[PDB]
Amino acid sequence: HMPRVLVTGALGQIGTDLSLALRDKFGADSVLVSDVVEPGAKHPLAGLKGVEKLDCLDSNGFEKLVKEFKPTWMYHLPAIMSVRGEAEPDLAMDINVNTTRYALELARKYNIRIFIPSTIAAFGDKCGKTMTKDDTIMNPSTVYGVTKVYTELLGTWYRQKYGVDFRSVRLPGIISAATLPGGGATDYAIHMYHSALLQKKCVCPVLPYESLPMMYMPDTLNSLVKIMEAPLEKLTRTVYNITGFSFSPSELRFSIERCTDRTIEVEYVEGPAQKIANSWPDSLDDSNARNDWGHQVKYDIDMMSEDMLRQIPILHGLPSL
């Protein structure tokens, strides 16, 4: 049978495109998408059935929703990310720790296959910055990263103790056109496309040769589905690195200027994103993911930049050609 899929924190950058892909793939009646906020008037999930409000900090309301829908899969997405978590750490520790605790308990009690994403932010400067391994020293420099190490370890314990089918990937920076990003260090990339279409100066808070692992949303969606469709027997671990390709702001800029045939104005003025990003790996080793469940990546930076420069005007109404 097709799965019944619950998405929590579903209205954000990842949730928006994942929810659309799941409804398309499995049918709208087999998918329940939820978030603590309502879709805004321009949000692609506005006016649709199967969209609920849920604050995942309310464990009793989380249970009620799970009881009623009876999911077989859950993608638990709420988290406060790197830059915002440094400014709002008490909020990051509440959401990132307690919502995860609650989601895992419900996966236990209701026999749900549960995906909680981790992040390159779980790594710090001791990880081995080149082709970082799946198992290595983790010394995250942000409270977000600290909370995502805890997530990985706590999920893994739920699998060992109770047999909860917990699965996770360490996502790189995710690029998409649909929903603006939620305040991480990689957010500059999305913002540089908007500046280029508006012909405005881009003030980039990440320095020009700071390379980071990144991935374009279509590849991300294929992997998020693939890892959840895999039989449990095929998975040799609970947490996998995945990457798309790495780039620096200067490489992103060169790619956009190739597509628009048009020089863009960028000022590099260091923001908190920089020192955060500088502590992250430059690239990841994702061989285990490729071997166990078939992770792959089809987009390169120029393909991405062609697609983003097309989609942003369509979805957000900015000047195109």
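Residue numbers here begin at 1 and follow the sequence given. We call the rigid core the largest set of C-alpha positions that still match within 1.5 Å between the two forms.
Participant: Any chance you could tell me whether 14-22 or 307-315 drifts more in 8 other deposited structures of this protein, judged by RMS CA distance from this form after superposing on the core?
Facilitator: Farther from the shown form on average in 8 other deposited structures of this protein: 307-315.
Participant: Going by root mean square C-alpha distance after a core fit, say whether 258-266 or 271-279 is farther from the shown form in 8 other deposited structures of this protein.
Facilitator: Once the cores are fitted, 258-266 deviates more in 8 other deposited structures of this protein.
Participant: Taking the recorded C-alpha temperature factors, which stretch has the higher mean, 309-317 or 296-304?
Facilitator: Here the higher of the two C-alpha B-factor means belongs to 309-317.
Participant: Using only the Cα atoms and their B-factors as the entry lists them, report which of 5-13 and 20-28 averages higher.
Facilitator: Averaged over C-alpha atoms, the B-factors run higher in 20-28.
Participant: Among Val143, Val225, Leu207, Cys202, single out the one with the highest C-alpha B factor in the record, please.
Facilitator: Answer for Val143, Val225, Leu207, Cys202: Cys202, with the highest C-alpha B-factor.
Participant: Could you look up the Cα B-factor of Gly173 in the entry and say which third of the chain it sits in: lowest, middle or highest?
Facilitator: Within its chain, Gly173 is a lowest-third residue by C-alpha B-factor, going by the deposited values.
Participant: Is the Cα B-factor recorded for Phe254 in the lowest, middle or highest third of its chain?
Facilitator: Answer is highest: the recorded C-alpha B-factor places it there.
Participant: Please say which third, lowest, middle or highest, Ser283 falls into when its CA temperature factor is compared across its chain.
Facilitator: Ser283: CA B-factor falls in the highest third of its chain.
Participant: Relative to the other modelled residues in the chain, which third contains the C-alpha temperature factor of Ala107: lowest, middle or highest?
Facilitator: Its C-alpha B-factor, which the entry lists for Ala107, ranks in the lowest third among residues of this chain.
Participant: Taking the values exactly as deposited, rank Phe62 by C-alpha B-factor within its chain and report the matching third: lowest, middle or highest.
Facilitator: It falls in the bottom third of the chain.
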